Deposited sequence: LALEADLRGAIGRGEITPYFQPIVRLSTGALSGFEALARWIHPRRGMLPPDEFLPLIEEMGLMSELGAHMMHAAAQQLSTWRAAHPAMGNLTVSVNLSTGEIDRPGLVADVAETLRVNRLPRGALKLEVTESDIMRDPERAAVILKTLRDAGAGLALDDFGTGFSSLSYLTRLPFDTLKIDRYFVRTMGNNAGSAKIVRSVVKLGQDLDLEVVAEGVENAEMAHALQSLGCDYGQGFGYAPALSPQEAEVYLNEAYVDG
């Protein structure tokens, strides 16, 4: 079909769907939650990661349709896991709050409905927000992010002077360190300085910190020594299909 129709169909049929990457407490290895990550199970091209299809969605103005679909799928999966394990702690699932959603009237009601129909505890679903999303309109971000916390969503600042100022106002609970910095910190002093800076801020200002792109034990151990709370990456597990994530969860030690 035409591009917009093809993408609306792939989203609506769930061809574009979440895989789930474990987020672990670095000091113990215990599972804290998962990140919901979009994949296109493309019928002709095979599985495609976001970097190979998101530009199409952006061009067609479909970020809200993709984001909604991802948030619904992520929340439903968490709900299923909660029902299966009624004594389990507050296992989280993070998902990107897609660009433009902060501006969309009706985001808050959607989030609230999603939390409540899935019976999710406060903070079980965490929404990831970037600096560039905030920068579109910081005033609207301050209103809407506060209201999302009142609805029961958690909030992470992904890819964490502008950001220091935004942090003072906005009710984030989690900071994420970009994989580039983690992967280059061993060999690049400036990347190590940035990693250390984010970790130290979280410790000083009581925000949790997630390192992305943790590839191996050397990297994990370096982050453990700094006191970074959490990690995700190939050193622990890739993004997993729902079926694989279920197995991972059932075999896991859960944080807390």
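- For this chain, the deposited residues without C-alpha positions form one stretch, 161-163.
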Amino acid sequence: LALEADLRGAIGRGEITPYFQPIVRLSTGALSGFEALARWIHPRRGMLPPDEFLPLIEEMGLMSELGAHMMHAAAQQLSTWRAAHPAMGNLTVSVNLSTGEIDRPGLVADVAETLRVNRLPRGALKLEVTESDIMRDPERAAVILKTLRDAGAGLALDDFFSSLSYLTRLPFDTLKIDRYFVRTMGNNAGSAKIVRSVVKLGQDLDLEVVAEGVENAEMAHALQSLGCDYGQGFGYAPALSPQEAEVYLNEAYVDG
From here on, numbers count along this sequence of modelled residues.
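- As the entry records it, the average C-alpha temperature factor is higher for 199-207, out of 46-54 and 199-207.
- Averaged over their C-alpha atoms, the temperature factors of 126-134 and 164-172 are higher for 164-172.
- Ranking 9, 235, 18, 22 by the C-alpha B-factor listed in the PDB entry places 235 at the top.
- Of the candidates 62, 36, 68, 192, it is 68 whose Cα B-factor is highest according to the PDB record.
- In the PDB entry, residue 88 places in the middle third of its chain by CA B-factor.
- In this PDB entry, the Cα temperature factor of residue 227 sits in the top third of its chain's modelled residues, the highest group.
- For residue 183, the recorded CA B-factor ranks within the lowest third of the chain. Only modelled residues enter the ranking.
- Split the chain's modelled residues into thirds by C-alpha temperature factor. Residue 118 is in the highest one.
- In this PDB entry, residue 105 carries a Cα temperature factor that places it within the highest third of its chain's modelled residues.
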